[PDB]
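The block underneath contains the structure these notes are about, expressed in structure tokens.
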Amino acid sequence: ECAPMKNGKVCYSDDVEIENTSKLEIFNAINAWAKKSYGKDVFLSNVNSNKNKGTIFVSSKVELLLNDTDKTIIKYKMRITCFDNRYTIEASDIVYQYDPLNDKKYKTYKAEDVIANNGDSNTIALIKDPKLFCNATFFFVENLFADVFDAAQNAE
């Protein structure tokens, strides 16, 4: 459930039909959301909008709440590809920057080394709560997908 994997990496994806709606309309609706959401977070996020290819690439780094005590930085990339009546979305290259004392002494962990097999295959002895990382990541990414879906529905 929470840590879908493909070709050895954590990868979340969706594929969405938008009936009778052109590539341009879909692209412009999703591009607006990406530019608003990630364009003036200049130190922490990057966006490339490729109108030639109908693709939007996003890179971001954000604090992710784990429970009440704990939290991690999460870094991720996302690619949205627009077609007539259809778009695809993938989020991968997931990496954690984490300090269990929550004092900014981060160490970098690939998601594959923490949340594989829904947190049951954690390799990092120092992470005592890997299913929290798995669950938090699933809800974070999937809600981004839902934001994208809502933006896409704005096309005509």
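Residues 9 to 164 in mature numbering (1 follows the signal peptide of the UniProt record, and there is no 0) are what the sequence shown spells out, letter by letter.
Using N, Cα and C, we set each Cβ at its ideal position, and we do this for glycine too.
- Query: Which class does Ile82 belong to by DSSP, given the choice of helix, strand or coil?
  - Reply: strand
- Message: Taking 6 Å as the cut-off, is the C-beta of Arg87 nearer than that to any heavy atom in the ligand ZN?
- Response: This structure lacks the ligand ZN; in fact it carries no ligand of any kind.
- So which of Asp107, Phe141, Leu134 has the shortest CA-CA distance to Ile123? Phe141
- Message: Can you find the residues in the same chain that come closer than 6 Å, C-beta to C-beta, to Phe35, ignoring five residues on each side of it along the sequence?
- Response: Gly62, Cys90
- Item | Close-in-space but distant-in-sequence residues of the same chain around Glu25 (CB under 7 Å, 5 per side omitted) | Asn93, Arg94
- Item | Run of the alpha helix (DSSP H) containing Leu152, from where it starts to where it stops | 138 to 160
- Within 7 Å, strictly: CB atoms of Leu72 and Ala144: yes
- Message: So, at 8 Å on beta carbons, what are the nonlocal neighbours of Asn130 in its own chain, with the 5 sequence-adjacent residues on each side left out?
- Response: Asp121, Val122, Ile123, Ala124, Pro138
- Item | Rounded C-alpha distance that separates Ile64 from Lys118 | 24 Å
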